[PDB]
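**Student:**
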Amino acid sequence: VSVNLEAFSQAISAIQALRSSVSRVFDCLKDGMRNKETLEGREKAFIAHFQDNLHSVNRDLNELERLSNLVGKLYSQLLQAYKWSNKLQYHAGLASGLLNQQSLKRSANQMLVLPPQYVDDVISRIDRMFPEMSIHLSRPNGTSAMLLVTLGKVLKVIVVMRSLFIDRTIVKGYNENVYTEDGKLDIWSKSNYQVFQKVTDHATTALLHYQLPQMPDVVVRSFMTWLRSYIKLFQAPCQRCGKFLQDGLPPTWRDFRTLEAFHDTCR
Amino acid sequence: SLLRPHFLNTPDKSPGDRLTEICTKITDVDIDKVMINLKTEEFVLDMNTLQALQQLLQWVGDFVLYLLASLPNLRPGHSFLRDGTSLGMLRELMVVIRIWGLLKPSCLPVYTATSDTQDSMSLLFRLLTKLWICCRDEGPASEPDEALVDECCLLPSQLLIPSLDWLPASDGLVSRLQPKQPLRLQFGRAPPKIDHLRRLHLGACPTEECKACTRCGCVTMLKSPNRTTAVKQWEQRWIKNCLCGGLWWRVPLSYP
Ligand SMILES: [Zn+2]
Ligand SMILES: [Zn+2]
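In structure tokens form, the structure reads like this:
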């Protein structure tokens, strides 16, 4: 497992540090006291350097002992290709991140139509991960798919798509009846509580925020990733004021790209 | 000069001359056989100055070892390999070092030996006698035989040849000058640190202040380190001059 890899590389650097620090002790003692103007000042400098070197040796030995407490347990062509594959994969990950952070594309111009089967395959692929979210697709009105995403015992989100691109979302509480009299989805309602109206507003900013132009799978996957973080409503405190309640509201803002809780008044 | 004979046996020869006669007639390769015939109750000191002589005896042993290891190869020792008189002097000092080591073992030079069943002083004395018998011949100029060459090739294996400081650290102008070209100097601009006379290793940046000789360039620290244990027979020779003759001249501290 990877923790053994990290502990072994850690303890490798611990041995190298121990050896170099012992040699540094004996090298600084080889040179002897320097001059340093004031006699009192030169004595102080020599004593301080020797003490620091000894302390560093002790720290390195202690760290090696701590890793010891925590440690657990033609053919060359294949390994060369394996190493070069991992190298290319990591290199490409870094270069792709650096380049798509800073794109120079200004306009798409130079000089939506999808089978519903594809939408069902995509959304079932999202439903297979996140075992606490269940997504139930239905199409009461044409090709525009409507999704009920239940989330723990916490949320019921009604997502109204339009050609495999999220359009509207409505977040209601668990007990709340999301069905009309006839058992269809109540696409147009609100949720009787202050908290879930705030989370509808935050979800509309979430669907306005996660916008790739072309590829919509990253959009729906990232929206569900962000939505999954709301399972710690009523349990997470705000990361600005520490408390749970500002004006009788839990922290309704799970921040994009770092899913942390905030009261929206604490931005 | 230091050995004061406690009683005069075989008079009309001072113990320097008795030692030189005995070391020049006894050509034995062992150090014990030379040391036996030398009246060794005469070679006695008070075991205080005898201990304080440690650094000069260290230079003697280190120079002998450097010279013998330098034999297989123009270097800082090339003249001494063929001078019979200086090798005789080095023999005599090794014999009196052996006697003084038997009186007190702390006066001896130290050699980092790559073996523990070794008598390093006797090894160097064996090689020194075998080199010196080459040159103590009358009208000789005997080139050294191959047995000595391979034995002195084995010396870096058996002991570690340390390093040595060679005195004329040349900053004199006369080597630097040329006819028809004058040096244009500024005042005060001036276009492994040892004390060369008492063989003490100063640090990287030395804390105690120093004199420098104005001709050779040797450095000594200004006041003696231990005023109680000081071999004043050696320190009081160089009060007014260096050994080369030039004057002392106080050097300023670095303060880096
Ligand atoms: Zn807050
Ligand atoms: Zn001089």
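Those protein sequence lines, which keep their order, are chains A and B.
Here our numbering is used: the first residue of the first sequence is 1, the next is one more, and so on.
Here our numbering is used: the first residue of the second sequence is 268, the next is one more, and so on.
Positions of the beta carbon are idealized from the N, C-alpha and C atoms, including for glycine.
Specify which residues have a beta carbon nearer than 7 angstroms to any heavy atom of ligand 1, listing them in chain order.
**Tutor:** A:238, A:240, A:241, A:243, A:246, A:251, A:262, A:263, A:265, A:266
**Student:** Taking beta-carbon pairs under 7 angstroms, can you tell me which members of the stretch 450-471 of chain B lie near chain A?
**Tutor:** 470, 471
**Student:** Output, in chain order, the set of chain A residues within a Cβ distance shorter than 9 angstroms of residue 474 (chain B).
**Tutor:** Position 207 of the second sequence holds residue 474 (chain B). Within 9 angstroms Cβ-Cβ: 32, 33, 34, 35, 36, 39, 42.
**Student:** By Cβ distance below 7 angstroms, which residues in the same chain neighbour residue 262 (chain A) in space, the five residues on each side in sequence not counted?
**Tutor:** Numbered from 1 along the first sequence, position 262 holds the residue referred to as residue 262 (chain A). Hits under 7 angstroms: 238, 239, 240, 251, 253, 255.
**Student:** Could you give the residue range of the alpha helix (DSSP H) that holds residue 85 (chain A)?
**Tutor:** Residue numbering aside, residue 85 (chain A) sits at position 85 when the first sequence is read from its first letter. Residue 85 (chain A) -> alpha helix (DSSP H) spans 75-101.
**Student:** Can you tell me which residues form a DSSP beta bridge with residue 146 (chain A)?
**Tutor:** In the first sequence, the residue the question calls residue 146 (chain A) occupies position 146. Residue 146 (chain A) is bridged to A:138, A:160.
**Student:** Identify whether residue 357 (chain B) lies in helix, strand or coil by the three-state DSSP scheme.
**Tutor:** Taking the second sequence and counting its residues from 1, the one referred to as residue 357 (chain B) is at position 90. Three-state DSSP puts residue 357 (chain B) in a helix.
**Student:** Is it the case that the stretch 497-509 of chain B contacts the stretch 5-23 of chain A, given that we only count it when at least three CB pairs across the two stretches are under 8 angstroms?
**Tutor:** These segments do not touch.
**Student:** Given residue 120 (chain A), which residues of its chain have a CB within under 7 angstroms of its CB, disregarding the five upstream and five downstream residues?
**Tutor:** Taking the first residue of the first sequence as position 1, residue 120 (chain A) is located at position 120. Only 137 meet the Cβ criterion.
**Student:** What are the start and end residues of the alpha helix (DSSP H) that includes residue 187 (chain A)?
**Tutor:** Numbered from 1 along the first sequence, position 187 holds the residue referred to as residue 187 (chain A). Here residue 187 (chain A) belongs to no alpha helix (DSSP H), and DSSP marks it neither H nor E.
**Student:** If I follow the unbroken beta strand (DSSP E) through residue 172 (chain A), where does it start and stop?
**Tutor:** Numbered from its first residue, the first sequence carries residue 172 (chain A) at position 172. From DSSP, the beta strand (DSSP E) with residue 172 (chain A) extends over 166-173.
**Student:** Measure the alpha-carbon distance for residue 287 (chain B) versus residue 397 (chain B) and round it to whole angstroms.
**Tutor:** Taking the first residue of the second sequence as 1, we reach residue 287 (chain B) at position 20. Taking the first residue of the second sequence as 1, we reach residue 397 (chain B) at position 130. Cα to Cα, residue 287 (chain B) sits roughly 17 angstroms from residue 397 (chain B).
**Student:** Closest to residue 161 (chain A) by CA distance: which of A:172, A:155, A:154, A:149 is it?
**Tutor:** The residue labelled residue 161 (chain A) in the question sits at position 161 within the first sequence. It is A:149 whose Cα lies nearest to the Cα of residue 161 (chain A).
**Student:** Residue 488 (chain B) lies in the beta strand (DSSP E); which residues open and close that run?
**Tutor:** Here residue 488 (chain B) corresponds to residue number 221 of the second sequence, with the count starting at 1. Element bounds for residue 488 (chain B): 486-488.
**Student:** Taking DSSP as the reference, what is the three-state secondary structure of residue 326 (chain B)?
**Tutor:** Here the question's residue 326 (chain B) lines up with position 59 in the second sequence. Three-state DSSP puts residue 326 (chain B) in a helix.
**Student:** Within the chosen definition, does the stretch 270-284 of chain B reach the stretch 306-326 of chain B through at least 3 CB pairs nearer than 8 angstroms?
**Tutor:** The stretch 270-284 of chain B makes contact with the stretch 306-326 of chain B, as at least three CB pairs between them are under 8 angstroms.
**Student:** Please report whether the beta-carbon of residue 520 (chain B) lies at a distance below 7 angstroms from any beta-carbon of chain A.
**Tutor:** Taking the second sequence and counting its residues from 1, one reaches residue 520 (chain B) at position 253. Closer than 7 angstroms to some Cβ of chain A, the Cβ of residue 520 (chain B) qualifies, so yes.
**Student:** Is residue 482 (chain B) close to ligand 2? I mean its beta-carbon at under 6 angstroms from any heavy atom of the ligand.
**Tutor:** Translated into the one-based positions of the second sequence, residue 482 (chain B) becomes position 215. Indeed, a heavy atom of ligand 2 lies less than 6 angstroms from the Cβ.
**Student:** Round the Cβ separation of residue 231 (chain A) and residue 178 (chain A) to the nearest angstrom and send it over; I've been treating them as touching at under 8 angstroms.
**Tutor:** On the first sequence, position 231 is the one that residue 231 (chain A) refers to. On the first sequence, position 178 is the one that residue 178 (chain A) refers to. Not a contact, Cβ separation roughly 18 angstroms.
**Student:** Name the residue from A:114, A:200, A:245, A:68 whose alpha carbon lies nearest to the alpha carbon of residue 163 (chain A).
**Tutor:** The residue given as residue 163 (chain A) occupies position 163 in the first sequence. Nearest option by C-alpha distance: A:114.
**Student:** Use the C-beta contact count for residue 336 (chain B): other C-beta atoms within 10 angstroms, 16 or more gives buried, fewer gives exposed.
**Tutor:** Taking the first residue of the second sequence as 1, we reach residue 336 (chain B) at position 69. Residue 336 (chain B) is buried by the Cβ-count criterion.
**Student:** Taking a cut of 7 angstroms between CB atoms, which residues from the stretch 486-507 of chain B lie near chain A?
**Tutor:** The stretch 486-507 of chain B vs chain A, Cβ under 7 angstroms: nothing.
**Student:** Mind checking residue 166 (chain A): buried by the 16 CB within 10 Å criterion, or exposed?
**Tutor:** Locating residue 166 (chain A) in the first sequence gives position 166, where the first residue counts as 1. By the Cβ-count criterion, residue 166 (chain A) is buried, with 16 or more other Cβ atoms from all chains shown falling within 10 Å of its own Cβ.
**Student:** Looking only at its chain, what residues have a beta carbon closer than 6 angstroms to the beta carbon of residue 380 (chain B), apart from the 5 residues adjacent to it on each side?
**Tutor:** Taking the second sequence and counting its residues from 1, one reaches residue 380 (chain B) at position 113. If we look at residue 380 (chain B) and ignore the five residues flanking it on each side, its Cβ neighbours are 387, 426.
**Student:** How would you label residue 191 (chain A), buried or exposed, when you count the other beta carbons within 10 angstroms and need 16 or more for buried?
**Tutor:** Here the question's residue 191 (chain A) lines up with position 191 in the first sequence. Burial call: buried.
**Student:** Can you pull the DSSP bridge partners for residue 518 (chain B)?
**Tutor:** On the second sequence, residue 518 (chain B) is found 251 positions in, with the first residue counted as 1. BP columns for residue 518 (chain B) point to B:477.
**Student:** Given a cut-off of 7 angstroms on the beta-carbon distance, is the pair residue 465 (chain B) and residue 511 (chain B) in contact?
**Tutor:** The count along the second sequence starts at 1 and reaches residue 465 (chain B) at position 198. The count along the second sequence starts at 1 and reaches residue 511 (chain B) at position 244. In this structure, residue 511 (chain B) does not lie closer than 7 angstroms to residue 465 (chain B) by Cβ.
**Student:** For a test of the three-state rule: what should DSSP assign to residue 17 (chain A), helix, strand or coil?
**Tutor:** Within the first sequence, numbered from 1, the residue matching residue 17 (chain A) stands at position 17. DSSP places residue 17 (chain A) in helix when its eight states are reduced to three.
**Student:** Looking at the structure shown, is residue 26 (chain A) part of a helix, part of a strand, or coil, going by DSSP?
**Tutor:** As a first step, residue 26 (chain A) is located in the first sequence; it is residue number 26 there, counting from the start. Helix, per DSSP.
**Student:** Decide if residue 123 (chain A) is buried, meaning its Cβ has at least 16 other Cβ atoms within 10 Å, or exposed.
**Tutor:** Here residue 123 (chain A) corresponds to residue number 123 of the first sequence, with the count starting at 1. So residue 123 (chain A) counts as buried.
**Student:** What does a CB cutoff of less than 7 angstroms around residue 436 (chain B) pick up in its chain, not counting 5 residues either side in sequence?
**Tutor:** For the purposes of this step, residue 436 (chain B) is taken as residue 169 along the second sequence, with counting starting at 1. 484, listed in sequence order.
**Student:** Should residue 485 (chain B) be listed as close to ligand 2, given that the test is whether its C-beta is under 6 angstroms from any heavy atom?
**Tutor:** As a first step, residue 485 (chain B) is located in the second sequence; it is residue number 218 there, counting from the start. Under cutoff, so the answer is yes.
**Student:** Skipping 5 residues on each side, what residues in its chain have a beta carbon closer than 6 angstroms to that of residue 316 (chain B)?
**Tutor:** One-based indexing of the second sequence puts residue 316 (chain B) at position 49. Around residue 316 (chain B): 498.
**Student:** With respect to 6 angstroms, is the separation between the Cβ of residue 439 (chain B) and the closest non-hydrogen atom of ligand 2 below this value?
**Tutor:** Locating residue 439 (chain B) in the second sequence gives position 172, where the first residue counts as 1. Not so, every heavy atom of ligand 2 lies at least 6 angstroms from the Cβ.
**Student:** Would you tell me roughly how many angstroms separate the C-alpha atoms of residue 297 (chain B) and residue 268 (chain B), rounded to the nearest one?
**Tutor:** Here the question's residue 297 (chain B) lines up with position 30 in the second sequence. Here the question's residue 268 (chain B) lines up with position 1 in the second sequence. Near 26 angstroms, if we compare the C-alpha coordinates of residue 268 (chain B) and residue 297 (chain B).
**Student:** Would the stretch 358-374 of chain B and the stretch 453-468 of chain B be scored as touching if the rule is three or more Cβ pairs under 8 angstroms?
**Tutor:** no
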